[PDB]
Every structure is written in structure tokens, then in C-alpha cells.
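In: Quick one, what's the 3D model for this:
(2 chains)
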Number of protein chains: 2
Amino acid sequence: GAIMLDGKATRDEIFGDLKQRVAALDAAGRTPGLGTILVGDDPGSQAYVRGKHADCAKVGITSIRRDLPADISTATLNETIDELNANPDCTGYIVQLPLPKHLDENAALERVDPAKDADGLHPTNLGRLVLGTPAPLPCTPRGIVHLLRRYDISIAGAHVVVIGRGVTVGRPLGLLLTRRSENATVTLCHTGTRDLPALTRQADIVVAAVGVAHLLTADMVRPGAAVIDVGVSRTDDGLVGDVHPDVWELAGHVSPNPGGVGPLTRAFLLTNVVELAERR
Amino acid sequence: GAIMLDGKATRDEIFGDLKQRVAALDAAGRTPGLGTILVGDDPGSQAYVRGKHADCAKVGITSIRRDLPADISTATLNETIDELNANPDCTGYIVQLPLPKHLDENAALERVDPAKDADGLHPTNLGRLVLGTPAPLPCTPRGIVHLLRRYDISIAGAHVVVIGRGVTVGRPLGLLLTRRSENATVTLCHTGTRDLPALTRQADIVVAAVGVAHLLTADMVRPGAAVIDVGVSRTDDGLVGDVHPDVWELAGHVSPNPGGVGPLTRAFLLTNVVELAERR
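Out: Residues are numbered from 1 along each chain as shown, chains lettered A, B, ... in the order given. There you are, the coordinates:
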């Protein structure tokens, strides 16, 4: 059956590399720092931000937190953004979503300096990705490409089918895989797609990032194909990925969910931060 | 033979709508204005800019000309960009390329305020397209989609094969087609694509935008499919398009080049400006 694409082991590898690279930056006079802006008290948001800072501590990146109440004014939000933008120990940062409804989410996200965009989701950087201007790249597409390369899976000339068009994964992933430096042929699929299986059956690589429980089945996959399980949805039976377990019987490689791309997403947030410090 | 996807009656429709919308803008004291920055002595550029301003006059958009000599400094170019950015009479503008080679073209384009980006090619606007934020859109992709729709060619659920990844055409086109407001399946192909004919033969719509003379031949197109011809290459025999004349025999629809998408591309520059003014 399929070879497991071990994301935790791959993440651990990256972490070891980052620790050395952070030690180097420490030695060079500037320890990198990741900032977070967290507004309000959503349990999941708090958990997500805690996790990012936990990861930071493991590799020696300083945690900078701006924890703000749910009832801050837009002026207060803007001041925080402007401070982190100007803070020399904040090498990059993220704004945890969702924001209180009284706050204009997109205006806040656009106010972030693209030069400190650790998530690689600032519209300016996403547009630079479209245009081929080197700039921060989004973490999940980065981790996907890395995981594939780590196992010597060809992407140049590959036919890749991406299922899903989320702005943090599927959408930017299509732009990433079609650059010259990657060079895949990419079929972009989603819920509007007719006869998904006819397309997935053609793919050397399928990336399932659509959030539909066990949507991709063995009957839909080319024997020996690489299958990347990214999407997660909430079921009566828990969180569940986009890939049916029967795929393991015919695919060449499968990344599990959990334990596949997820750890790599966090590894590339940290990588983005170290790279920004190294660019300097 | 195939039905010609002639763009002129559709351009005329757009111009009628825009003239009305501009009259509504004038009534509200918000007469839109298009600026152009033309640097130096390239005759083609001079004609292009004349054409844009003639189009403006047809729908009632004010023309703002910034004509600069070839030997300007970066500071002079910067002052001009800064001036148009701050000029209240200027709703949007374009920097006519190519610039003299001592000038940094990408720095100039990024210095353009995206709120005045009439081309829809500023990275922050292309990033907004990725993210789903309303903003100026690149004109050729908008033209392609509108031309198809006006000829009652289905977009939703269509399998579109896009050949080419130019940053102003094929690349943003993949993003546009894949919005829920379009909802097409898109295979992104390029010079790196193996077995192109196997892929193009599956398409309900083929977009030829690679700049490779007559790359798309009849054997490559499903009978009754729609073919959009955008790509042009310099031969000698002169300029030649991506689509072999033989595809007219069995395709359902083919756009001529010139005369197909072109008039709409030109009209959508004006639409961008009007939209900027309306969104205000």
C-alpha cells in the first residue's frame, strides 16, 4: 500500500534546521520575533495562538503577544498594527481571525506591513505571487510542496489536481505550483466541478483541500498517485479529513490527516519568520 | 465553421452602460478621470495612450495626460506617480510600459496607489482577487469571461483549459474563473505541460494565451468547444496567433485575434475606472 508522507518527522527536521538558523541570528545580534494580535476570547483562536507561540519557544523565536479585549476601537487596533509594523524585534506577525464584528477585518489585514507578513496572506504578497515578485509565501502551500519534495515526488511536469479553493490553501496553491520553479500542470477543482472523479483519476498528485469528509475515495485516484490530505471538517464523529482511508490501498503515497500537512503548516510559519530575519 | 466570437457589439454594449454610469457619477459631482504616465519616445506606447484617451472621451471620462521625456530620473517618475496618487481629479491611472531601461519598472508599478490602479495589475489588487476583496480586475481575463458569457457559453461547471501563464492573462484568469461567481473547473497548462492535446481535448473552453504560433491545432480541440485566441508571437511573416486556422472547422466558437477579446480588454480598463469612482 501507500507510503506514509510523515509530516511530524518532516516538521521535526525543519525545527532542527530552524533552531540552528535562529542561533545564528541570535549570534548576529538580532533574535527573530513572531508577534500575534489576538482580539477577544474565542477558545479556538486562543488555542491557535498558544500553539504558534509554543512552536516558537521550541526553536528560540521570541514570542510577542498583543492580546486585546473584544471591545477595542478601530483606532486601538490600528495603533497595535502600526506598533508591530514599527517594532524592530517583531520580524513578522499574524492577526488571528475572526475579529469582533464591529471591526473591519480586511482593512486590518491590509494595514499589516507586507514586509512583516509571516502568514504570507497579505494581498500585496499574494499579488506578488501572481506577478512573480519574490515575497512571503503562504505556509500551507509551502508545506505541501516541501512534503512532496522531501519524498522525491516529482512536481515539474506532474499533473496535479487541487480540490478546494480556500484563500489560504487551494487558491494560492494553484499559483504556487504553476510557477516556473515548480512547473506542475494544475487542474483546479471545487464544488462547481462536474465529474470530479474523471479528473482526479488523471492526477499524478491529488491535493484534497475542500473540507468534505472522506470525499476522495480509492475509486477516484490513479494507482500510484500521491495524495495530500489537507481539508478538515466537523462531523458528529469528530474532526475528519477529505480522504477516505481506502485510498491507502492504491495510492503510491498518502499524507495522513492528522500528522501530514498540518505540522508543516506551522513549520512554515516559523520558516517564514526566520527567512524574513535572514533577508533582514 | 465555428461561430466568430466578435467583440465589437459587446464592447458597444459596455460603452453604453459606462456612459450612463458616468453621467450618474457626474450628477453626483464625481466625474471620473483617467490618467496616463507616458515616458519617452516609443511610438506604439504613444498610440496606445492616444487610444485610451479617445475611449475615455467616448464615455465622458476626463483625460489626464502626464507625458515625460525619456531621460527622466527615478525621482521625477516618483514625483509624477505621487502627484497622480494625490490628484483628486484622477480616479485611476496607468503607467505605460515599457519604461526607459534605467528606470525600475516594478518599483514604479508598486508605487501606484492600488486605489487608483486602472489596469487591475497592482499586486495588492491581484492579491485582493485571490482573497475575494472587491477591487480593479485585470482587463484581459474580464474580457475573456464576458465575451464567453455574452455568446451564451456556459462558465459555471465548464472545464476550461488555459494554455499559458502570463501574469496579466493566464495566471489571473485561473483565479477569476475559479471564483464562485464564475465556478469553472480550470486546467492550467504552460510550456511545462506534458501531453497538452490530451488535456485540451477535454475542454469545453480552450484559452490559448501562450504566445506560441499555432500551437492549438484542430486535433487538439473537442468538436463544438469554444476557443479563445489571445496569444500572439512575432514571426517574420510577422505577428501570428496561438490558434491554427484549421480549428475553425470543428470548434463551436472561436474568437478572432484581433477583434475578439481585444475590444473588451480595452473597454474593461474603463470599467475599472468607473468602478473605482462608484465604490468611491
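In: name the element the closest residue to chain B within the stretch 151-280 of chain A belongs to?
Out: Nearest to chain B in the stretch 151-280 of chain A, going by CB to the nearest CB, is residue A:192, at a distance of 3.5 Å. From N, CA and C alone the C-beta is placed, and that goes for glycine too. Assigning secondary structure by DSSP states H and E places residue A:192 outside every helix and strand.
In: measure it to residue B:181 for me?
Out: 10 Å (CB to CB, to the nearest Å).
In: and those two? which has more neighbours close in?
Out: Legend: neighbour count by other CB atoms under 10 Å in any protein chain shown for residue A:192 and residue B:181, higher for residue A:192 (18 against 10).
In: Name the nearest residue to that one, ignoring sequence neighbours.
Out: residue B:183 (3.5 Å; CB to CB, 6 or more residues apart in numbering or on different chains).
In: Residue A:35 too?
Out: Per CB to CB, 6+ apart, closest to residue A:35 is residue A:93, 3.3 Å.
In: quick one: the one you found is in a strand?
Out: Yes. Looking at residue A:93 with DSSP: H, G, I helix; E, B strand; the rest coil, it is inside a strand.
In: List the buried residues for stretch A:229-247?
Out: A:229, A:230, A:231, A:232, A:240, A:241, A:242, A:243, A:244, A:247 (16 or more other CB atoms under 10 Å in any protein chain shown).
In: what's the spacing between it and its chain's center?
Out: 18 Å (CA atoms, centre = their mean, to the nearest Å).
In: Alpha carbons of that stretch, as PDB, please.
Out: Extracted in PDB, the C-alpha atoms of stretch A:229-247 (Å, rounded to 0.1, in the frame of the first residue of the first chain):
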ATOM      1  CA  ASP A 229      -5.000  15.200   2.700                       C
ATOM      2  CA  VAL A 230      -5.400  18.900   3.800                       C
ATOM      3  CA  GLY A 231      -9.100  19.600   4.400                       C
ATOM      4  CA  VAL A 232     -10.800  19.200   7.800                       C
ATOM      5  CA  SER A 233     -14.500  19.300   8.600                       C
ATOM      6  CA  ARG A 234     -16.500  18.900  11.800                       C
ATOM      7  CA  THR A 235     -18.700  15.700  11.900                       C
ATOM      8  CA  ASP A 236     -20.900  14.100  14.600                       C
ATOM      9  CA  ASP A 237     -18.000  11.700  14.800                       C
ATOM     10  CA  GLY A 238     -15.200  14.400  15.300                       C
ATOM     11  CA  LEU A 239     -12.800  16.300  13.000                       C
ATOM     12  CA  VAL A 240     -12.400  14.400   9.800                       C
ATOM     13  CA  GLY A 241     -10.200  14.800   6.700                       C
ATOM     14  CA  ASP A 242     -11.000  14.900   3.000                       C
ATOM     15  CA  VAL A 243      -9.600  11.500   2.100                       C
ATOM     16  CA  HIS A 244     -11.300   8.100   2.600                       C
ATOM     17  CA  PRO A 245      -8.900   5.500   4.200                       C
ATOM     18  CA  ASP A 246      -9.400   3.100   1.200                       C
ATOM     19  CA  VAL A 247      -7.100   5.400  -0.800                       C
END
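In: For chain B, see how far away residue A:129 is.
Out: To chain B, residue A:129 is 8 Å away according to CB to the nearest CB, to the nearest Å.
In: Near that residue, how many other residues are there?
Out: Counted with other CB under 10 Å, residue A:129 comes out at 25.
In: Got the phi and psi for residue A:227?
Out: Dihedral angles of residue A:227 (phi, psi; degrees, to the nearest 10) stand at phi -120, psi 120.
In: oh sorry, the question was meant for residue A:148
Out: Torsion angles, degrees, to the nearest 10, at residue A:148: phi -60, psi -50.
In: Tell me who's in contact with the nearest residue to it once chain neighbours are set aside.
Out: Leaving aside its sequence neighbours, residue A:148 sits nearest to residue A:155 (CB to CB, 6+ apart; 5.9 Å). By CB atoms under 8 Å, 6 or more residues apart in numbering or on different chains, the contact set of residue A:155 is A:145, A:148, A:149, A:177, A:182, A:183, A:184, A:205.
In: swap the cut-off to 10 Å and go again
Out: Each residue near residue A:155 by CB atoms under 10 Å, 6 or more residues apart in numbering or on different chains is listed here: A:144-145, A:148-149, A:177, A:181-186, A:204-205, A:226.
In: circling back: I'd guessed the residue of the stretch 151-280 of chain A closest to chain B sits against residue A:165; true?
Out: Yes. Applying CB atoms under 10 Å as the test, residue A:192 and residue A:165 come out as touching, 8.9 Å apart.
In: what is in contact with the two at once?
Out: B:178, B:179, B:180, B:183.
In: okay, among these, which ones form the most distant pair?
Out: B:178 and B:180 (8.7 Å; CB to CB).
In: Please enumerate the strands of chain A.
Out: Using DSSP state E, the strands found in chain A span residues A:3-4, A:33-39, A:62-68, A:92-95, A:159-163, A:185-189, A:205-208, A:226-229, A:232-235, A:238-241, A:253-255.
In: Mind giving me the packing neighbours of the shortest one?
Out: Under the contact criterion of 3 or more CB pairs under 10 Å, 6 or more residues apart in numbering or on different chains; DSSP states H and E, strand A:3-4 touches strand A:253-255.
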